[PDB]
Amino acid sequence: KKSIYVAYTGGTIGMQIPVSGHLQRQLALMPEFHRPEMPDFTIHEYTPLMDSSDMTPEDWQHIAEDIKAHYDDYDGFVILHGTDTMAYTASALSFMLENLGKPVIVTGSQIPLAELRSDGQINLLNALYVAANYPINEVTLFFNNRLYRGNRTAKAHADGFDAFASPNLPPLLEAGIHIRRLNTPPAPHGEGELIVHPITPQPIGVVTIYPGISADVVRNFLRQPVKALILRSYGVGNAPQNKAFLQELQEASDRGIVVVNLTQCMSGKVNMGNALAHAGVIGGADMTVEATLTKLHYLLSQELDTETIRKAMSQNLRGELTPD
């Protein structure tokens, strides 16, 4: 009989506005969760409960350490979380949890378990069952009958039950009458003792490229609050040839700022007149903004020089990008 740890961090799934104790009170009135087929599980309600829209990077740290404390005593882990920033959390955990040897599944609901038509019970029951019977040792996100690689996800449909997507990678598992493991290529996986990397606050900016954007945007970030800049450029990584704009980017990099180029498109791979690259900009391949932002928080929090970080951002560390 497997034993699963459930971290109830907050989110829509437990709301009525969140209220302490009602999530558990609800599960108690649902016998399906105590079936002989179901693994044993324990729920830890966080204090305070948070709407995921209020999440800060330090909150990823709290969750990572919570998993670390409970690691040896459980066979799997399920993180109940609000949907708004669930993809950011899943992504962060993938980098912070090195040599993960047990499944960590993040899930939640579009409708609170307290409201009618809720998807909370079904996503939670499935995450528990999957973590116990179809364990994949990576940080994953389960939603609407599919298990996705955490650092490949993004909330793509705000109003649908199929809220999340994995644009550049097929899901890892699908649920129907039976649970099927897909032939999705395993991510680089380290074996050995679990290593949990702590992170510290890091000022990062996210610039979206659009017709009429001026160099002032970049110049502003160069003010004082910035160690990295993420650019959401067009298609496979293009931006206007505006010389003034390019010069600001070059100056940003000369000051040790890590500038990464991503595509603003839902799916696609950046493939960079090689101006941007000449301006010191690093290509982020097919990484999501969610994975790039968290990857930066992770790398910037270590004792790595600017050039090492720039090189690591283009490498596949946890399966967040497709090489060459």
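All residue numbers are counted from 1 along the displayed sequence.
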Worksheet item: What number of residues from the deposited sequence go unmodelled in the gap from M50 to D51, classed as none, 1 to 3, 4 to 9, or 10 or more?
Response: none
Response to the item:
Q16 to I17: deposited residues not modelled, binned count -> 4 to 9
Item to complete: Look over 157-165 and 184-192 in the entry and identify the one with the greater average Cα temperature factor.
Response: 184-192
Worksheet item: Averaging C-alpha B-factors over each stretch, which comes out higher, 42-50 or 62-70?
Response: 42-50
Item to complete: Tell me which of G284, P57, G273, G268 tops the list for C-alpha B factor in the record.
Response: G273
Discussion item. Just to confirm, going by the entry's C-alpha B-factors, which of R232, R146, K243, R152 comes out highest?
Written reply: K243
Worksheet, complete the sentence: In terms of its chain's C-alpha B-factors, the third that includes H81 is the lowest
Response to the item:
Chain thirds by Cα B factor, record data; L249 belongs to the highest
Worksheet item: Lowest, middle or highest third: where is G212 by Cα B-factor in its chain?
Response: middle
Worksheet item: Comparing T107 with the other modelled residues of its chain, is its CA B-factor in the lowest, middle or highest third?
Response: lowest
Item to complete: Compare the C-alpha B factor of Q224 with those of the other modelled residues in its chain, then answer lowest, middle or highest third.
Response: highest
